[PDB]
Amino acid sequence: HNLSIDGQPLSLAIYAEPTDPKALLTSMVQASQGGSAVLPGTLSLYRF
Amino acid sequence: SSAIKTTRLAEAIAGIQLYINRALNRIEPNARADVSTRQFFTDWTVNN
């Protein structure tokens with residue numbers, strides 16, 4: 001198994017270090033918005 | 001193991017050395033005792 005006489009391994013291992021942290025972002029989300037509608041108006045008694 | 005390496009000539013040398021040791025030490029039967037008395041096998045203490 002390729003070990004020394006006292007059992008120490010004779011090969012140096014590698015691990016392929018994990019790939020960095022992860023950045024997380026937020027964004028504004030906008031939705032369609034309408035406006036009000038108008039109705040016919042009443043005729044007042046006073047002048048303009 | 002798959003970790004240990006060698007060469008073709010080195011492995012052939014090791015195989016023939018093992019075979020000679022087994023034949024000389026009477027471990028494998030029917031070994032030709034007349035052949036086992038040559039100068040090479042008589043000096044096998046340094047030719048091994």
# chains A, B, ... in the order shown; residues from 1 in each chain; ligands from 1
$ interface_residues --of "chain A" --to "chain B" --cutoff "9 Å" --atoms "only C-alpha atoms" --output "PyMOL selection string"
chain A and resi 1-2+11
$ write_last_selection --atoms "C-alpha atoms" --output "compact mmCIF listing (two decimals), in the first residue's frame"
# COMPACT_ATOMS: atom_id res chain seq x y z
CA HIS A 1 0.00 0.00 0.00
CA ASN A 2 3.02 2.28 -0.51
CA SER A 11 2.27 10.46 -1.28
$ select_by_dssp --residues "chain B" --states "helix (DSSP H, G or I)" --output "PyMOL selection string"
chain B and resi 8-24+35-37+39-42+44-47
$ residues_around --residues "residue 36 of chain B" --least-positions-apart "3" --cutoff "10 Å" --atoms "only C-alpha atoms" --output "short mmCIF file (atom, residue, chain, number, x, y, z; two decimals) with N, CA and C atoms, in the first residue's frame"
data_model
loop_
_atom_site.label_atom_id
_atom_site.label_comp_id
_atom_site.auth_asym_id
_atom_site.auth_seq_id
_atom_site.Cartn_x
_atom_site.Cartn_y
_atom_site.Cartn_z
N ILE B 20 14.01 -18.06 -8.66
CA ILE B 20 15.26 -18.71 -8.28
C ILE B 20 15.28 -19.02 -6.80
N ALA B 23 13.03 -22.00 -6.19
CA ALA B 23 13.59 -23.25 -6.71
C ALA B 23 14.76 -23.73 -5.86
N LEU B 24 15.64 -22.82 -5.44
CA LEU B 24 16.81 -23.22 -4.67
C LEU B 24 16.44 -23.68 -3.27
N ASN B 25 15.49 -23.02 -2.61
CA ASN B 25 15.14 -23.40 -1.25
C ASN B 25 14.17 -24.57 -1.18
N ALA B 31 12.93 -29.54 -8.70
CA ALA B 31 13.98 -28.67 -9.19
C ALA B 31 15.23 -29.48 -9.48
N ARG B 32 15.84 -29.22 -10.63
CA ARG B 32 16.99 -29.99 -11.08
C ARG B 32 18.18 -29.71 -10.17
N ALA B 33 18.51 -30.69 -9.32
CA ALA B 33 19.58 -30.50 -8.35
C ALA B 33 20.93 -30.34 -9.02
N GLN B 39 27.89 -22.35 -10.59
CA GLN B 39 28.63 -21.32 -9.87
C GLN B 39 27.75 -20.12 -9.53
N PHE B 40 26.78 -19.80 -10.39
CA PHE B 40 25.88 -18.70 -10.11
C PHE B 40 25.07 -18.95 -8.84
N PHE B 41 24.44 -20.12 -8.74
CA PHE B 41 23.64 -20.45 -7.57
C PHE B 41 24.49 -20.79 -6.36
N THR B 42 25.76 -21.17 -6.55
CA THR B 42 26.66 -21.34 -5.42
C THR B 42 27.05 -19.99 -4.83
#
$ atom_distance --atom1 "atom CA of residue 4 of chain A" --atom2 "atom CA of residue 6 of chain B"
17.2 Å
$ decode --residues "chain B" --atoms "C-alpha atoms" --output "PDB file, in the first residue's frame"
ATOM      1  CA  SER B   1      -1.669  -0.934  -5.035  1.00  0.00           C
ATOM      2  CA  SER B   2      -1.951   1.148  -8.185  1.00  0.00           C
ATOM      3  CA  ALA B   3       0.325   3.749  -6.580  1.00  0.00           C
ATOM      4  CA  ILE B   4       3.573   1.764  -6.686  1.00  0.00           C
ATOM      5  CA  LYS B   5       5.412   1.908 -10.009  1.00  0.00           C
ATOM      6  CA  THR B   6       8.244   0.038 -11.705  1.00  0.00           C
ATOM      7  CA  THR B   7       9.789  -0.745 -15.086  1.00  0.00           C
ATOM      8  CA  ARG B   8       9.495  -3.822 -17.278  1.00  0.00           C
ATOM      9  CA  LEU B   9      13.093  -4.958 -16.799  1.00  0.00           C
ATOM     10  CA  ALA B  10      12.946  -4.365 -13.044  1.00  0.00           C
ATOM     11  CA  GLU B  11       9.766  -6.426 -12.738  1.00  0.00           C
ATOM     12  CA  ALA B  12      11.249  -9.224 -14.858  1.00  0.00           C
ATOM     13  CA  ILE B  13      14.346  -9.178 -12.638  1.00  0.00           C
ATOM     14  CA  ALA B  14      12.215  -9.389  -9.496  1.00  0.00           C
ATOM     15  CA  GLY B  15      10.166 -12.249 -10.920  1.00  0.00           C
ATOM     16  CA  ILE B  16      13.209 -14.295 -11.885  1.00  0.00           C
ATOM     17  CA  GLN B  17      14.805 -13.610  -8.493  1.00  0.00           C
ATOM     18  CA  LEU B  18      11.666 -14.871  -6.749  1.00  0.00           C
ATOM     19  CA  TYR B  19      11.583 -17.960  -8.965  1.00  0.00           C
ATOM     20  CA  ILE B  20      15.258 -18.707  -8.285  1.00  0.00           C
ATOM     21  CA  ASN B  21      14.791 -18.328  -4.531  1.00  0.00           C
ATOM     22  CA  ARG B  22      11.791 -20.666  -4.558  1.00  0.00           C
ATOM     23  CA  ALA B  23      13.590 -23.249  -6.706  1.00  0.00           C
ATOM     24  CA  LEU B  24      16.807 -23.217  -4.667  1.00  0.00           C
ATOM     25  CA  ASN B  25      15.140 -23.395  -1.247  1.00  0.00           C
ATOM     26  CA  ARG B  26      13.280 -26.577  -2.299  1.00  0.00           C
ATOM     27  CA  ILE B  27       9.917 -24.818  -2.037  1.00  0.00           C
ATOM     28  CA  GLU B  28       8.873 -25.845  -5.560  1.00  0.00           C
ATOM     29  CA  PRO B  29       9.312 -29.572  -6.234  1.00  0.00           C
ATOM     30  CA  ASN B  30      11.308 -31.360  -8.924  1.00  0.00           C
ATOM     31  CA  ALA B  31      13.982 -28.668  -9.186  1.00  0.00           C
ATOM     32  CA  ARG B  32      16.994 -29.989 -11.077  1.00  0.00           C
ATOM     33  CA  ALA B  33      19.579 -30.497  -8.347  1.00  0.00           C
ATOM     34  CA  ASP B  34      22.387 -30.749 -10.906  1.00  0.00           C
ATOM     35  CA  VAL B  35      21.485 -27.316 -12.287  1.00  0.00           C
ATOM     36  CA  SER B  36      21.174 -25.925  -8.761  1.00  0.00           C
ATOM     37  CA  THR B  37      24.919 -26.598  -8.229  1.00  0.00           C
ATOM     38  CA  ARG B  38      26.272 -24.135 -10.799  1.00  0.00           C
ATOM     39  CA  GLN B  39      28.630 -21.318  -9.872  1.00  0.00           C
ATOM     40  CA  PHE B  40      25.877 -18.695 -10.111  1.00  0.00           C
ATOM     41  CA  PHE B  41      23.644 -20.448  -7.569  1.00  0.00           C
ATOM     42  CA  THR B  42      26.658 -21.341  -5.419  1.00  0.00           C
ATOM     43  CA  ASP B  43      27.529 -17.626  -5.271  1.00  0.00           C
ATOM     44  CA  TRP B  44      23.815 -16.819  -4.937  1.00  0.00           C
ATOM     45  CA  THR B  45      24.593 -15.092  -1.629  1.00  0.00           C
ATOM     46  CA  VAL B  46      25.991 -12.194  -3.679  1.00  0.00           C
ATOM     47  CA  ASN B  47      24.189 -12.825  -6.993  1.00  0.00           C
ATOM     48  CA  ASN B  48      20.702 -12.468  -5.485  1.00  0.00           C
TER      49      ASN B  48
END
